[PDB]
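Heavy atoms only: backbone and side chains are in, while hydrogens, waters and symmetry mates are out. Quick note on labels: first sequence line is chain A, next is B, and so on, each numbered from 1.
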Number of protein chains: 4
Amino acid sequence: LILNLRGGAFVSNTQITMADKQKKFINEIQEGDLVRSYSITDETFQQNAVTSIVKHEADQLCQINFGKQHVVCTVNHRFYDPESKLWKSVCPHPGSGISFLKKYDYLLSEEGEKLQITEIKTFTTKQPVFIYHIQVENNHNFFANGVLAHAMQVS
Amino acid sequence: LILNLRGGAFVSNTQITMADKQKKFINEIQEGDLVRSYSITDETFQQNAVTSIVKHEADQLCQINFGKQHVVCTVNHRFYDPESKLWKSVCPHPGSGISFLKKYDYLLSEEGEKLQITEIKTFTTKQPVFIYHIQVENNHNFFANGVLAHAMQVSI
Amino acid sequence: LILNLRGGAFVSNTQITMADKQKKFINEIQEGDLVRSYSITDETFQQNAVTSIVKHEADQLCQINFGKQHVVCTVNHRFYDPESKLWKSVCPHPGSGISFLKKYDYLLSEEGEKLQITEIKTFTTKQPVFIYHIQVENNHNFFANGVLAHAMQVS
Amino acid sequence: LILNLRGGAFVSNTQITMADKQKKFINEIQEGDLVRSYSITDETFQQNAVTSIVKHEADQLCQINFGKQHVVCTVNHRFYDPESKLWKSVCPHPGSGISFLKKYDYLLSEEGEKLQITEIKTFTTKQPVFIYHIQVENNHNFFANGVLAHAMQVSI
Ligand SMILES: [Ca+2]
Ligand SMILES: [Hg+2]
Ligand SMILES: [Hg+2]
Ligand SMILES: [Hg+2]
Ligand SMILES: [Hg+2]
């Protein structure tokens with residue numbers, strides 16, 4: 001079949017925050033682990049279940065800074081700008097309804113606080129490195145290094 | 001990230017032949033597990049390691065009967081026919097270079113026998129069911145219910 | 001840009017039922033042309049313009065017989081079965097929520113009759129033939145050799 | 001059925017360089033029209049027929065300036081950088097083998113000169129606009145507002 005790992009994939013060293021606000025590296029996540037998610041509409045946090053993990057590799061990645069704290073993923077990531085109230089990407093697929101993510105846009109923290117993007121750069125690796133896409137039921141999002149990231153595998 | 005699973009996917013029940021010819025359900029297989037692979041060009045068997053497992057859901061499936069034996073997978077699969085010397089799918093995507101898999105075509109067993117397909121059926125579930133795709137390192141193939149299948153995770 | 005042509009493509013000598021009631025070979029269809037379409041919802045016939053025509057190649061085709069007439073197309077077509085009230089393909093994509101088209105299933109005639117599928121055959125050409133995908137406005141369906149086929153390009 | 005438009009698509013008023021060095025708006029190009037092309041290995045200009053035009057729509061677009069002149073396209077374009085000798089994209093797919101396109105990278109003019117990229121913007125539009133992918137035989141490339149662009153209609 002054809003899968004759309006939409007919201008992209010994160011490097012092994014990326015930290016996912018649990019329902020108990022603890023942190024584990026995405027490559028140590030397992031089916032049924034309970035992670036901190038966010039209802040956009042109801043404007044409230046809530047625990048949800050990891051259904052699926054997909055492991056790929058890539059040599060071409062994207063670093064986003066939001067203060068001293070950063071995150072490394074594919075260019076087809078999806079993050080929430082709570083000030084803009086839009087899902088955004090550096091590289092959105094034509095006809096997804098996702099806005100362009102830019103330098104000095106906002107991300108939503110795992111404490112629901114607005115964080116300002118300080119820098120956005122491309123990043124190649126000498127050889128390919130592992131990347132991970134996790135699916136979360138109902139909310140379909142989580143917190144990668146403490147900011148709200150959407151993730152869904154479809155088709 | 002748009003990921004093409006080339007071999008399609010198999011129901012959780014599907015038996016995988018391990019390097020040492022023991023059987024393991026595909027929903028038990030873990031990264032690093034050593035599976036009975038096959039070098040097509042060389043016509044020689046080989047042990048190889050699983051690097052990736054992908055789980056998705058489907059309620060539209062395909063049952064290939066080859067005598068009394070059978071395998072249940074997605075309709076876009078890739079089984080090797082050792083008579084025609086071709087990888088075959090019941091439902092090839094246009095201009096993919098995969099031939100139609102038809103009634104009375106041949107599959108390759110884990111021993112290296114030619115096994116004849118006696119029936120191809122559609123199978124529908126009233127609930128979506130879990131399906132599994134395994135990436136094998138070098139030869140990117142394995143024995144599903146005793147017959148040779150290709151599988152590959154490819155980025156687009 | 002990745003473009004899913006929902007409804008597949010038809011060979012050159014496939015007959016399209018025009019607005020003007022006459023038949024026309026799909027390889028002659030031009031943008032603006034008005035074809036006979038159907039509203040499944042309204043259960044009435046309508047005239048709609050062709051907004052887009054994709055042309056491609058293939059050597060692997062699907063023949064569907066209904067009475068003493070047939071249609072030739074890619075295996076990932078989409079036809080309406082009026083008996084079941086479902087869109088069907090011989091080869092549906094798992095995710096698509098499309099049902100299997102089978103022997104003795106029904107198609108909808110351009111005059112709203114239920115015609116029985118007598119034979120479905122998968123065949124090859126010695127070298128590729130041109131296949132055509134036509135998008136139709138608002139209804140997104142037309143009549144191929146007198147039976148109702150869906151077609152819609154999306155990203 | 002599933003069709004990858006490798007090379008993205010251009011806005012209707014984008015200019016295509018014809019074989020005789022005349023210009024035509026891409027939204028007027030027709031099957032059999034002759035366009036200017038480049039062989040990278042031969043490092044010479046060829047003339048080729050357009051075999052296929054695919055028309056879609058988009059609200060997310062990309063503008064690339066090379067001095068006074070610009071080109072507007074989808075973010076999954078492919079332009080030849082003749083300085084680094086690589087096909088490039090603002091937004092390449094993780095496994096495509098395509099480098100990133102950035103400020104102060106180069107493009108190849110329809111007369112064979114390096115043209116420096118001076119600006120890359122990404123802009124939403126409020127209503128979707130028409131966009132056009134064209135298939136050129138043999139070289140699968142053409143000149144879009146005077147710079148070398150790749151385009152190919154491939155099944156998955
Ligand atoms: Ca069984
Ligand atoms: Hg980036
Ligand atoms: Hg089948
Ligand atoms: Hg068929
Ligand atoms: Hg851009």
Q) Roughly how far, to the nearest 0.5 Å, is CG of C:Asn139 from CD1 of C:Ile40? A) 7.5 Å
Q) Would you say the side chain of A:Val35 lies within less than 4.5 Å of the side chain of A:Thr17, judging by non-hydrogen atoms? A) no
Q) Do you know the tightest heavy-atom contact between A:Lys114 and A:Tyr106? A) CB-CD2, 4.4 Å
Q | C:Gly8 backbone acceptor or donor facing C:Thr74 side chain under 3.5 Å | A | no
Q: Mind running side-chain contact (heavy atoms from CB on, under 4.5 Å) on A:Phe66 and A:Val147 for me, showing each step along the way?
A: CA-CA 9 Å; A:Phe66 37 105; A:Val147 294; 3.5 Å; yes
Q: Please check if atom CD in A:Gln63 has more than 12 non-hydrogen atoms from other residues, nucleotides or ligands closer than 6.0 Å.
A: yes
Q | Heavy-atom side-chain contact between A:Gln69 and A:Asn145 under 4.5 Å | A | yes
Q: Measure the spacing between NE2 of C:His133 and CG of C:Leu5 and express it to the nearest 0.5 Å.
A: 4.5 Å
Q) Quick one: do A:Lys23 and A:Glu110 make a salt bridge, cutoff under 4.0 Å? A) yes
Q. Heavy-atom distance under 4.5 Å between the side chains of D:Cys62 and D:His77, does that happen here?
A. yes
Q.
Quick one, B:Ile16 and B:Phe25 - any side-chain contact, counting heavy atoms below 4.5 Å?
A. no
(Q) Between B:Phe79 and B:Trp87, is the ring centroid distance below 6.0 Å? (A) no
Q) Which value, rounded to the nearest 0.5 Å, describes the distance between A:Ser99 atom OG and A:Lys85 atom NZ? A) 13.0 Å
Q: Check the pair D:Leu3, D:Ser155 against side-chain contact (heavy atoms from CB on, under 4.5 Å), reporting the backbone distance first and the verdict last.
A: CA-CA 5 Å; D:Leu3 196 72; D:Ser155 286; 4.3 Å; yes
Q: Please step through side-chain hydrogen bond (donor to acceptor under 3.5 Å, both in side chains) for the pair B:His56 and A:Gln153, ending with a clear verdict.
A: CA-CA 8 Å; B:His56 201 240; A:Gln153 47 176 282; 4.8 Å; no
Q: Dump the intermediate steps for side-chain hydrogen bond (donor to acceptor under 3.5 Å, both in side chains) on B:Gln127 and B:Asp59, then the final yes or no.
A: CA-CA 6 Å; B:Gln127 187 191 50; B:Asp59 49 19; over 6 Å; no
Q: May I ask you to decide if D:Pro92's main-chain N or O and D:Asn76's side chain share a donor-acceptor pair within less than 3.5 Å?
A: no
Q.
To the closest 0.5 Å, what do you measure between OG (A:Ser109) and CG (A:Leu115)?
A. 5.0 Å
Q.
Using modelled atom types and a 3.5 Å cut-off, is there a donor and acceptor pairing between side-chain atoms of A:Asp81 and backbone atoms of A:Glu83?
A. yes
Q: Would you check, one step at a time, whether the test side-chain contact (heavy atoms from CB on, under 4.5 Å) holds for A:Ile29 with A:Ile53?
A: CA-CA 8 Å; A:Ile29 227 82; A:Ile53 307 105; 3.5 Å; yes
(Q) Side chains of A:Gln135 and A:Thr51 only: does a donor on one sit below 3.5 Å from an acceptor on the other? (A) yes
Q. What disulfide (SG to SG under 2.5 Å) pairs are there with at least one residue in residues 91-155 of chain A, not counting sequence neighbours?
A. A:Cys91-D:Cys91
Q) Which of these, B:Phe142, B:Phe130, B:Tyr132, sits in a ring pair (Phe, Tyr, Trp, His ring centres under 6.0 Å) with B:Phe10? A) B:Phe142
Q | Shortest non-hydrogen separation from C:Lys102 to C:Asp105 and the atoms involved | A | N-OD2, 2.9 Å
Q) Is the closest side-chain heavy-atom distance between C:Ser96 and C:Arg78 below 4.5 Å? A) yes
(Q) Let me confirm one number: the CD1-CD1 distance from D:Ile156 to B:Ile2, rounded to the nearest 0.5 Å. (A) 10.0 Å
Q) Under 4.0 Å between a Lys/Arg side-chain N and an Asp/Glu carboxylate O for A:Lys55 and B:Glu31? A) yes
Q | Donor-acceptor under 3.5 Å (C:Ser89 side chain, C:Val75 main chain) | A | yes
**Q.** A:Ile26 side chain reached by A:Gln15 side chain, heavy atoms, under 4.5 Å
**A.** no
Q.
I'd like to know if the side chain of A:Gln60 pairs up with that of A:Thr124 as donor and acceptor (distance under 3.5 Å, no hydrogens or angles considered).
A. no
Q | D:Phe100 CZ: over 12 foreign heavy atoms closer than 6.0 Å | A | yes
Q. Mind checking whether B:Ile131 and B:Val54 have side chains closer than 4.5 Å, heavy atoms only?
A. no
Q: Could you tell me whether A:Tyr38 atom OH has more than 12 heavy atoms of other residues or ligands within 6.0 Å of it?
A: yes
(Q) Counting C-beta onward and ignoring hydrogens, is there a side-chain heavy-atom pair between D:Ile117 and D:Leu101 closer than 4.5 Å? (A) yes
Q: For A:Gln116, look at atom CD and say whether over 12 heavy atoms of other residues, nucleotides or ligands are found less than 6.0 Å away.
A: yes
Q: Answer yes or no: is there a donor N or O on one side and an acceptor on the other, between the side chain of B:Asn13 and the main chain of B:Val11, under 3.5 Å?
A: no
(Q) Strictly distance-based, threshold 3.5 Å: is any side-chain N or O of B:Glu137 a donor or acceptor partner for the main-chain N or O of B:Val50? (A) no
Q.
Please determine whether the number of non-hydrogen atoms from other residues, nucleotides or ligands lying under 6.0 Å from atom NZ of D:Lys121 exceeds 12.
A. no
Q) Has the side chain of B:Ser37 got a donor or acceptor atom that lies under 3.5 Å from a matching backbone atom of B:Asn48? A) no
Q: State which residues pass side chain to side chain donor-acceptor pair (under 3.5 Å) with C:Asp42; sequence neighbours excluded, sorted by chain then number.
A: C:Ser39
